[PDB]
Amino acid sequence: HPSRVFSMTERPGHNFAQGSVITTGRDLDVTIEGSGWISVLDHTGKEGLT
Amino acid sequence: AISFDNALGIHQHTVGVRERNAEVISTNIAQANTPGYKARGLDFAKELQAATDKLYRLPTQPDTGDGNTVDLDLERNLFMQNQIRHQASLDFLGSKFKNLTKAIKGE
């Protein structure tokens with residue numbers, strides 16, 4: 001009989017809504033207006049979005 | 001006539017089958033937790049034919065990844081029934097000799 005059904009928790013995605021913008025007056029502080037990413041390479045060297 | 005085969009009937013074989021059945025049920029209960037073990041059932045009519053086998057039990061519920069098809073609720077009931085019937089077979093076969101001895105000795 002089909003009586004036993006398991007459930008597993010999984011990550012379906014991420015929340016890509018715009019984060020809270022903090023005005024700091026610093027020249028080297030940048031925030032992406034709307035959607036978009038900054039391409040950076042980590043310690044190993046593989047590129048990725050941040 | 002007048003031979004032990006006819007005097008004892010089939011009660012001489014039933015006691016053995018009830019012992020084999022009890023062994024299989026004991027195996028099923030012990031192997032209930034070991035994954036991959038398939039519950040074994042004994043067909044009574046087969047040992048009846050052998051007197052005059054070791055099958056598999058199809059589960060009523062799915063496994064949980066173990067593959068073990070032993071239902072401990074079923075095994076306890078089947079072990080209780082076999083033990084009760086085993087004692088009756090001893091009573092039946094035991095009285096066969098008690099009547100047989102009384103006929104010979106006349107007392």
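What follows draws every value from the coordinates through simple rules; no lab data is involved. Here the Cβ is made from the backbone with ideal geometry for all residues, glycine too, and neighbour counts use every protein chain on show.
Tabulated results
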quantity: From the C-alpha gyration tensor of chain B, square roots of 5λ in Å; calculated: 38, 14, 8
quantity: Residue order, fewest to most surrounding Cβ atoms within 10 angstrom, among A:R11, A:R4, B:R76, B:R18; calculated: A:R11, A:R4, B:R76, B:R18
quantity: Label-point gap, in nm, between A:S39 and B:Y56 - each point 7 angstrom along Cα→Cβ; calculated: 5.6
quantity: Per-residue ³J(HN,Hα) for the range B:18-23, Karplus 6.51 cos²θ - 1.76 cosθ + 1.60, θ = phi - 60°, Hz, x for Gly and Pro; calculated: 5, 6, 4, 4, 5, 5
quantity: Centre separation in Å (Cα based) which lies between the range B:14-50 and the range A:3-50; calculated: 60
